[PDB]
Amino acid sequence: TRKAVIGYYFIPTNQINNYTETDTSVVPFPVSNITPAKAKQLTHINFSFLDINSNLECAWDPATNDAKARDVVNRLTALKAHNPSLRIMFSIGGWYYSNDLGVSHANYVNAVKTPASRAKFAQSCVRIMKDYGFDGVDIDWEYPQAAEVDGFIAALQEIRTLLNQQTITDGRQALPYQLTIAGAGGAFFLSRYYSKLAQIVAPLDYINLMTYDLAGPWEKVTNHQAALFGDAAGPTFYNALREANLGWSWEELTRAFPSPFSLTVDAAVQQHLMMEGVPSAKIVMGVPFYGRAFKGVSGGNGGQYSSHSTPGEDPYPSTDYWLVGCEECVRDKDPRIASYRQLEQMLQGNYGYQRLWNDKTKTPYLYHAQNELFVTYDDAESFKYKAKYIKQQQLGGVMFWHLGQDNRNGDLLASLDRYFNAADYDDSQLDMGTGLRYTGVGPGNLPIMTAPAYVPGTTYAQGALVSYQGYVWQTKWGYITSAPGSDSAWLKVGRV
C-alpha cells in the first residue's frame, strides 16, 4: 500500500486576511506554489491551524477574514484535480493554541470533559470539515495530561463515529474521511498519555509523530534535532516513560525503558511499537523542513555537543540577527530557525558555512568556524535513511513541517516521493550505519519464542521457560509453584 506523505500548509491569520499569489513579501508561500507535480507527490495536506474557542467548538481564529479563508481553502482543494488520492485535512491546535501555557489551553481541557461537551465538540469538527470542504480532521493538542486522556479518547471515538457516518452519507467509500493526531516524538511529553496509546490510536487513521525539535536552544548542549539513530558522543536523556502510568513491574519497566537514552527518531518509533495494540501501519514519521541554529559554539567537533549562548526564550528577546546570510531570519526576527530553502542559499553564498555529515545519526549539519555557529537540519540525503527506516519498520508513511520551507523546486518533497515510489530508485544496499538503536522491549514487540507448555503442579527453577496463554514466560527466581500471570515470579519474555 502507498506510503502516506503528509505536508503541513501553515498560513498565519494576517496572511489569510491579506492573501495574494503575487507578492512573496506578504505571503511567502501561496497555494500557487503547489504545482500539479507537487500535488501528486503528496497524499495529505494538513491546513493549519484552527482552534477550540470558549464555546468549546472548533473554530477559526476570531480575527480571520472568513471570505478570504474560504478562498485559500478552495485553492487547496482544487489541487485534488491533479491527484485523486489527495486529502486536504485541517489541523486543530498546534503549540501556540494548545500547550499548557497557551492562549486556548483551557478550551481543550473543557471540550473533552463531559459526554455533552465531547458530543458538541465532535459535531463542530464535522461541521467545519463539511462547510469548508476539508477531507478530514487532525487534532494537534500538545498535549493532554494523564487525567485528561480518557476524555481525549472518547472525543476521538466520537469524531470517528461521525466521520464514518459522513463517509457513508456522502458516498466517499473510495476516499473516506480521516482522523489523525500529531503525537509527541519525544519521551517527556509522550509520557503524559503513553499508557493509553492503544485506545488513542484505535479511532485514528494515523498518529503523526513530531519526531523533530529533539534539540533546541533550551538545552545546554547543541545536538541534532531529528537524529535517526544515536551517537554515543552526544547528550543522553532521562527516559521519562519509565515513570508513565503503566502499572508494570520493575523488570518490565527496566527492559522497556533504558535510562539514560538517545533522544532519536528511532527511539520514538520503537517506543510506540513497544505498546500492545499500536499497529506499525498507523505510525507516521515526522521530518522537519527547517534547521535550528545555535551561536557561541566551540570547535573541534564541528559545533556538535558544545555549550552555546543561544537564547532559549520565545519570542526571540533581541534584535541581533546573527545567522549570517539568512535574509528570512531578519524578515521573521529570529535567527534560531531557518527553512531548508534559506539554508540551501546560505550554503551556495560563500558565507563561510561548511556542510558536515554525522554518519551515526545519519543527518547533516552546518558549521561556521569564524562566528561559532551550528545548524542542525535534514536534507534529501538524511531522508534516504528515514525513508528506508519507514519501509523496513512498515510504518504508515511520512509527515513534514512544513511545505513553505522547501526550496522552490520542491526538492525535499520530491525526494520523499522518490524513495517511496520511484521504480528506478533502489535502496536495498543503503547502509543504515552503526548508530545507537533503541533496545527497549515491551509487550507489543516481544520476540517470537518456543517453550514447553506450563504444567500445573510443577516446581520450576530460576530461569525456566514455559509457554502459557500464548506467551513464553521466564521465572525470575527459584522454586516457582504458581502459574504465569497468577504471581509476581514470572516474566513475559516472548510471544506465541
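The numbering used is simple: start at 1 and walk along the sequence shown.
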> Mean CA B-factor: is it higher for 179 to 187 or for 217 to 225?
Replying inline: 217 to 225
> Mean C-alpha B factor from the entry: is it higher for 415 to 423 or for 69 to 77?
Replying inline: 69 to 77
> Reading the B-factor column of the entry, which of 131, 252, 328, 243 has the highest value at its C-alpha atom?
Replying inline: 328
>> I'd like to know which of 362, 355, 391, 282 has the highest C-alpha temperature factor in the PDB entry.
In response: 355
> Split the chain's modelled residues into thirds by Cα B-factor; is residue 105 in the lowest, middle or highest one?
Replying inline: middle
> Of the three thirds of its chain by CA temperature factor, lowest, middle or highest, which one includes residue 167?
Replying inline: lowest
> Comparing residue 271 with the other modelled residues of its chain, is its CA B-factor in the lowest, middle or highest third?
Replying inline: lowest
> Among the modelled residues of its chain, does the C-alpha B-factor of residue 449 lie in the lowest, middle or highest third?
Replying inline: highest
>> When the deposited Cα B-factors of this chain's modelled residues are ordered and cut into thirds, is residue 367 in the lowest, the middle or the highest one?
In response: highest
